[PDB]
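Summary of structural features
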Amino acid sequence: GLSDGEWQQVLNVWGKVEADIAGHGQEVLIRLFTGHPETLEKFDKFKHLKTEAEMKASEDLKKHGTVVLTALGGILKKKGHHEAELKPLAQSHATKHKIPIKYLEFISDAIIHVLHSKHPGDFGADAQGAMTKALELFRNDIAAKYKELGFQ
Ligand code: HEM
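Residues numbered from 1 in each chain as written, not as in the entry; some residues may be left out. Heavy atoms only, no water.

For this entry, the PDB record names X-ray crystallography as the structure determination method and reports a resolution of 1.40 Å.

Okay, structure coming up:
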């Protein structure tokens, strides 16, 4: 549950992402894969990437970063009223992709890391607080659907 002022911070931060969605999405995925190499094994289309240089050169990885961040941005712009947008993603990630909730924690922290890396000194403590809360709400509502489905 976020206040109006917290949502305002989230959507202000998101404007930074929307100025370069592909670059942010690329770096989020690279941070996930290099920090947590088990996550790479869930992507049949990326498992061939062995080095970070290959990851950086991959246009399909940048494409997937755009898909991921476009979906998250659509959810965030709903300010918590995201049941319709979130349900299909929870279902596909539990039943088809088999993504444990832990990996959604990993990508949440990776988003925070990338924002500080690309905008050092321009991602203030209030903005980090609000973004973190928004990602926790996203993860918590996915977790509820995972529990319904019995997925671990
Ligand atoms: C911010 C969180 C994330 C968002 C919004 C997101 C969004 C999406 C979307 C929109 C798709 C395509 C449609 C679909 O299959 O439902 C997708 C595909 C996928 N997601 Fe996620 N995702 C997230 C996190 C992750 C994480 C943490 C992993 C794994 C570590 C992952 C693994 C996958 C895989 C394996 C695919 C299929 C890729 C394919 O082969 O083309 N997702 N995701």
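Structure's up, so let's keep going.
Summed over all chains, the structure comprises 1 cavity of 30 Å³ or more. Estimates place the volume of the largest cavity at around 50 Å³. Lining of the largest cavity is provided by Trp 14, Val 17, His 24, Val 28, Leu 69, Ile 111, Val 114 and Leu 115. Elements with a contribution of two residues or more to the lining of the largest cavity: α1 (4–18), α2 (21–35) and α6 (101–118). Ranked by residues supplied to the lining of the largest cavity, first place goes to α6 with 3 residues. (1 Å grid on protein atoms, 1.4 Å probe; cavity = no way out; pocket = protein on both sides within 12 Å on 5 of 7 lines; lining within 4 Å. Points joined across faces, edges and corners; volume = space filled by probe spheres on them. Helix = DSSP H or I, 4+ residues; strand = E, 2+ residues; numbered from the N terminus.)

Not every one of the 16 residues close to the ligand is listed here, only the nearest: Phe 43, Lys 45, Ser 92, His 93 and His 97. At 3.0 Å, a side-chain N or O of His 93 approaches a nitrogen atom of the ligand. At a separation of 2.8 Å, an oxygen atom of the ligand approaches a polar side-chain atom of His 97. A molecule is said to occupy a pocket when more than half its atoms come within 2 Å of that pocket's grid points, and by this definition the ligand occupies the largest pocket. Elements with a minimum of two residues in the shell around the ligand: α4 (59–76), α5 (83–95) and α6. For the shell around the ligand, the element with the most residues is α4, which contributes 4 residues. (Near = heavy atom within 4 Å. Polar contact = N/O pair within 3.5 Å; in protein donor to acceptor, adjacent residues only side chain to side chain. Sits in = over half its atoms within 2 Å of the grid points.)

Another point: the UniProt feature "domain: Globin" in the protein chain. Residues annotated by UniProt as "domain: Globin" correspond here to residues 1–147. Helix makes up 73% of residues 1–147 and strand makes up 0%, while its end C-alpha atoms are separated by 20 Å. (UniProt positions renumbered as here; feature names shortened; annotations may be inferred.)

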